[PDB]
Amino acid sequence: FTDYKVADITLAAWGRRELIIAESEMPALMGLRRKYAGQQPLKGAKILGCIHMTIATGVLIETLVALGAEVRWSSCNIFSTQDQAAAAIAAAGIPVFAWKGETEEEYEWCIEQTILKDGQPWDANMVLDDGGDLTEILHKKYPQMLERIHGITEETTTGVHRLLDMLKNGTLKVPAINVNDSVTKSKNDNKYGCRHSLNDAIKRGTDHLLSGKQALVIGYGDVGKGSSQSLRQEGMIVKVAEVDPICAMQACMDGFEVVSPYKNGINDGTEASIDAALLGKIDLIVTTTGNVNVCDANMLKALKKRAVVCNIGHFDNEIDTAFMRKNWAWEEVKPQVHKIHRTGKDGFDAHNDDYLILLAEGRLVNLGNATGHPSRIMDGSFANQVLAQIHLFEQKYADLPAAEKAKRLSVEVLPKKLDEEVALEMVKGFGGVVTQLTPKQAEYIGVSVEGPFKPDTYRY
C-alpha cells in the first residue's frame, strides 16, 4: 500500500492508540457503526473527504469505511492534521494526503491526490467537505466528476454560505446537506468545542497566564459565544465586538462589555477611526466571524505591545496577515507561533519589546496550536456527517433523470428526529438519564412520547 502521503508513517501505532481511546469518547459515532455495520448502507459509496485530519476525523473515516464506503482523504487546513492520526489511517490502507504544516501548494496537491487516482479522475460518487475548497475545485476544474456524484455533506458555517451562493447563482451541480445546522453540530461543536479548545491552543502556543488579562473577542455567534466563555472561565476580562445587535444583546446579558474597535462603531479606514485607548489595553484578540479584515491593519498598529492575535473562524483573512507580511519582521518562536516585530521588516531585534504574538499564522488557532475540539464534542458533528452521507448516497441523485434532479437540487438539513437521536447517544455518554413522557404529558404538550419534542422553529 503506497497510495498516501503523510509526515511519518511510524507514528501509526500512537495514532491507533489514540483512535481506540477516541472511540470510547464517541458513542453516537460508534453507535452508528454498531447499528449499520450489518446493513452496509454505504456499500459502493466512494467518498472524497476534505476535513481536518485529526483523531476525531479518523473515527469518522473508519465509521464510513465500516458502513461500506471507500474514501480518499485530505485536510481542509494546512496546520490542522495530527500526524499520528494521518499515519494510523494510511497504515490501515486508506488513501490520505495530509500533514501538519503544509504549504498552500502542498494543500492543493493533497486535494488533487484525492480527486485523481493513477493520474485519472477517481470514480467518486459522494463528497464530505469542511469549508468548501474541495466543493469549489470539483465545480471549477472537474465538472465531469460531479455528473456521477450523489451529494455533498458540508461541515461548517463558511462552507454552507458558499453552497447557498452556488444554489442562488444556479451553479451548484449536486444536492447538499448542511450538517452545520443540526443542533448537535452548531450548538455543540461551534460553541462548546471552542470553549474547550481556544484556551487550550493559547496555553500550548504561549503558556501565558490568561487570568486578570484583557481579551477582545470579535464576534458573538456560536464560535464567539464559546470563545468568550473559554477566556472568561480562565478569569480573562472579556470584551465583545459585534455587528449583529441581537448577538450583542446576548453578550451584554452574558456579562460582557460590548465595544467596537472603531469610534462609535464606524469603520471608515482612517487611523483616526481606531479607539487607540481601547486597543492599547487589549492583551489578546480572537476573531470568530467568518468575515474579512475584522482585525485590520489599523487595529494591529494600535494593539498593546506583546498582545496575542489569533483567529478561530474557518479562514485566515479575518486578521490582515497580508499587511503584517508586507510591513513587519516575523520571528518564529516555534511552529505556529510568530513574534511580529512592529519596528519594520528589515530583520528584527531579538530583545525588541514592540511585537505581537500571532498564532497559527492567523489560521484556525484551536486546530493549529492544539488538537481542535475534543472527540466527545466532535461525536455530534460526525454522527450527523454519517447520517447525511447515508441519506444522500441512498437518494442516488446522479442516477435520476434531468427532470427528477431538478426537484431534488437543494441544500437541506437533517430531520429533527435524527438530531434528537444523536443527542440521546451523547447524553448517555455522560451517564445522563432522559425522562420518558407519560402518555398524559405527551398529549398535554402535543408531542409523541418518541419525539420530536420541539417544532422546527425552536432555537434551543
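Start at 1 and count along the sequence shown; that's the residue number.
- Higher mean CA temperature factor between 434 to 442 and 11 to 19: 434 to 442, per the PDB entry.
- Mean CA temperature factor is higher for 135 to 143 when stretches 135 to 143 and 332 to 340 are set side by side in the entry.
- Per the deposited record, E271 carries the highest C-alpha B-factor of all listed residues (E242, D283, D254, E271).
- Note on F315, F382, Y192, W99: the highest value goes to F315, judged by CA B factor as recorded.
- Annotation for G58: C-alpha temperature factor in the lowest third relative to the rest of the modelled chain, per the entry.
- Ranked by C-alpha B-factor against the other modelled residues of its chain, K396 falls in the highest third.
- When all modelled residues of the chain are sorted by CA temperature factor, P374 is found within the lowest third.
- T156: CA B factor lies in the middle third for its chain, per the PDB record.
- When the modelled residues of the chain are ordered by their C-alpha B factor, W122 lands in the highest third.
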